[PDB]
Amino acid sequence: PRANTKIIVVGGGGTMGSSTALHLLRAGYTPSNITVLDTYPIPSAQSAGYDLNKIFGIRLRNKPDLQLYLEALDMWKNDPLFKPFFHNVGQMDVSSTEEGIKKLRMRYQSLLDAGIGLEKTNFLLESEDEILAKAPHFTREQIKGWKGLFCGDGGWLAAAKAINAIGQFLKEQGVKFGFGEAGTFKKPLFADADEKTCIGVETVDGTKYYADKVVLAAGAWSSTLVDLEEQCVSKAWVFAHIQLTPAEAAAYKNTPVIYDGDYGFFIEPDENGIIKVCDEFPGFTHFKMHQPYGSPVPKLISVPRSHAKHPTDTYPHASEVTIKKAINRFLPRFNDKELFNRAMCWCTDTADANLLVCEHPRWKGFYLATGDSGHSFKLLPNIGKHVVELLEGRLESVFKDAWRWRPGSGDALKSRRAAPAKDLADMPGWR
C-alpha cells in the first residue's frame, strides 16, 4: 500500500527527482516514508534546474513528446504550485539561412500534422513586419532576410524558483533528507549476493538507507553512479549573463524567447535586469577515470565537473566566442555589456533523446529516472506522475516502450545532435 511503502529518491533535489517526490506526496505516500538523498539541499546547487530560467516550448521529436508537452502545459498554466513560475511570453525560432528556414517550415508543418489544431497558436512569420510585431526590440535592418516560427503557448520558466517551491512543500510535509556525504549515493543495497533484490542505498559516508523502492534521478551523474552501459552520455552546455539597467530592460519586457539554431537564444531580463544567453552546440563531455556500480571495472565515463563544488571554473574559450556571436545576432546594442556568471550546466543524452525511465533489469526495486537529454526541465510539473506510475506498475506503453532499458540502441555521444560532443580535455580556457 502507498501509505506503507518506503521510497528513496536519489537526486531528489533536482528536476526529475523533486517532481517524483512531489507526486509521491500527491499520490498519498506517507511523507516520513520518503527519503530524498541529494548531495545538495533542494534546490540542488549543481542541478541542471538550478537556473534563473529555462524555455518552455513544444518540441516533437519522439512518440511521447506531444502528450508530455500538453500535460506539462496544463499544469504550468493551472497548477497552483507551478503557475507563478511560467511566463507565457511565447517563443520565436528564427533563421536567415536557406537550410535554417527550411527547418523552420518543416517544424511548423510537423506541428500541423499532429492534427489537433496546433496551427491555432503556432504561426509562420514570413515578413519583417510580422517579426517586428512580435519582437519590437529588433531593428528592421537586423532582421533582413529572417523568417520566424512563433509559438504562442511557449515562454520561459523560473526554474530554480519552481524547484524551490517543491522543496518548501516537501519540507513542510516532513519528507526526510540526507545531503553532503550522507546524501551522496555510493551503491545500492541488496538482500542477497545475486543482487536480484534491491532493499536500499548506501551513501559515501557509509550511511545505509532501507526502502521498498529506490529511484535514481541523478541527472548527469546517473551514468557515473551505476553502470548504464553507455546508454547515457553526460554533456555540458554553457551560458553567460548580462546586466541591463531598468531603462535598457524596458524594451524587452514580456518579449518572446528568441532562438536560432545557428546561434543559440536569450531570455527576457528577469526582475533584476539579467539576461541569460546560451549558444547552440552539441555539448562538451568530460571523460575521467571513474567507477560506476554494477560495473566490474573502472570505465571511461563522462563525469560532470560541478560548478557548485568549483565555482572558479567558467567555460572554454570557444564558448565565449559563440555566446558573443549570439549576443551580436540578437542583442547587438549590448555588444559592449560585460559577460558574467559564466557556467557549465550538465545533462545526460540518450541515443534517441527519449528518457530512460524503467526498472533496472536485474536489480528489482531499483528504478532509473534519467536520460533527460537536455530538454526535460519543461516536464518538472508532470514527469514525477509517470515515475510513480512506473513504481506502481501502471505506466502506459507509449511511455514505457519509449523509456525502456536499451543498451546498444545507438550512439549517445552524438545522440540526436549535429555531431559527437567534443571533450573538455581538448578545449582550453575553462579551468
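Don't overthink the numbering: it's just position in the shown sequence, from 1.
The PDB entry reports B-factors from which the mean C-alpha value can be compared for 118 to 126 and 313 to 321; the larger average falls on 313 to 321. Look at the C-alpha B-factors of 2 to 10 and of 421 to 429. On average they run higher in 421 to 429. Reading the B-factor column for the CA atoms of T39, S32, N382, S397 in the entry, the top value corresponds to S397. Residues shown: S306, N88, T255, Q168. Highest C-alpha temperature factor in the entry: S306. Split the chain's modelled residues into thirds by C-alpha temperature factor. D65 is in the middle one. Per the PDB record, residue ranking by Cα B-factor puts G393 in the highest third of the chain.
The PDB entry assigns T285 a C-alpha temperature factor belonging to the highest third of its chain's modelled residues. Ranked by C-alpha B-factor against the other modelled residues of its chain, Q291 falls in the highest third. In this PDB entry, the Cα temperature factor of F366 sits in the top third of its chain's modelled residues, the highest group.
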